[PDB]
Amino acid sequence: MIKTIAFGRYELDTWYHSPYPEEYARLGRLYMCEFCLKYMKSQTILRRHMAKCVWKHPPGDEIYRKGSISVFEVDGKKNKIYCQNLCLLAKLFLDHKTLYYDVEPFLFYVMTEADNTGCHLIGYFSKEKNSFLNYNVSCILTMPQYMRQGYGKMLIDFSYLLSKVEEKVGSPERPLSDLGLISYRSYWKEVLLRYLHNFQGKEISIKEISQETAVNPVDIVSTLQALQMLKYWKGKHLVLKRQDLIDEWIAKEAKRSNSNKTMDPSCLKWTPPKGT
C-alpha cells in the first residue's frame, strides 16, 4: 500500500497510513495535483490532469503576502474537497489526526512559496471556527520537503498573530506530538526571551506576557520552567533573566534576521472571517 507520493517535483516517503479509498490505497504510490490536491493512480493520468487543472494556488482568500510567501485562508465548508484532500495528505505524516471528513467546522491556513509555475504548498495549520477550549491551532504540518528550514515556526507565529488580531489568547490543541512539542517549545522560548529582552520594568505578571504575545499563561509558565528561569528566594517567586540565554538568543536573532524566515505583521491583510 501507500509508501510514497509524487507531489510536484518531489517524491515523498509517507510516515503513517492515511485512510485513502482501497482502490488508491492498494497502490504503492499516489500522484497528487500539487495545486488542487486531487489524488490519482499514475503519472500519465496526473499529466492529463495538469493540462486541464485551472488552480495555481490554494482556494480561499490570500490573507498574508510578502513577496513569494503567502498564506491562504480556506473555509472547510466552502472548499470541502480541497480541505478533505489536505487532511488525508496530512495524515500521511501524523501519528494521529482527530479529523478527515467533517472539515466544515474548520479554517485551514495554507502557506505557499511562489515561483514562475504557481504557489507551491509549504505547509498548513487547521483551526476550529469555534473552539470551546480556545485552541488557535488544531493540527499543523510542514511538508517533508520543507522541514527544518524555519517554516514551521513561521506557521506557529502566524497562528498567534491571528489570535492577537482577534484579541484572544491561544494554545495548540492537545495532544502535541514529539515534533509539535519541540517546535512549540522553540517558539515559546524565542517569544519569551524577546519579551524579557525588550522589557525594562522591575516586575511582570504572566497575564501581561500572555496579553502581549497571545501565548497561554500555562505555556508561558511551562517555558519559564523549561528554561529554569523560575526561582524561589526569600519566600517569593522570581523570574531570573539568564545571561547566557539572552546572549544565545541574540546570536540566533542575528541568524533569523540573516535569512528571511519571519512573518512580518505588516503583510497581514485580514479581518476575522464572516464577522464570526
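Note that residue numbering begins at 1 and tracks the sequence as displayed. In this text, rigid core is short for the largest set of C-alphas that superpose within 1.5 Å between two forms.
Greater average departure of CA atoms from the shown form, over structures and residues in 7 other deposited structures of this protein after a core fit, characterises 112 to 120 among 127 to 135 and 112 to 120. Between stretches 57 to 65 and 233 to 241, greater average Cα displacement in 7 other deposited structures of this protein relative to the shown form, fitted by the core, falls on 233 to 241. Taking only CA atoms, the mean B-factor in the PDB entry is higher for 245 to 253 than for the other of 33 to 41 and 245 to 253. According to the PDB record, 132 to 140 carries the higher mean C-alpha B-factor of the two stretches 132 to 140 and 106 to 114. The entry lists C-alpha B-factors for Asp157, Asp75, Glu190, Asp95, and the highest of these is at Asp95. Take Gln149, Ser186, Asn198, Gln145 and read off each C-alpha B-factor from the entry; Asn198 has the highest. Ranked against the other modelled residues of its chain, the C-alpha B-factor of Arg47 as given in the entry falls in the highest third.
Annotation for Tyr232: C-alpha temperature factor in the highest third relative to the rest of the modelled chain, per the entry. In the deposited entry, the Cα temperature factor of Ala25 sits in the top third of values across the chain's modelled residues. For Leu224, the recorded CA temperature factor ranks within the middle third of the chain's modelled residues. Remark: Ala90 belongs to the middle third of its chain, ranked by C-alpha B-factor as recorded.
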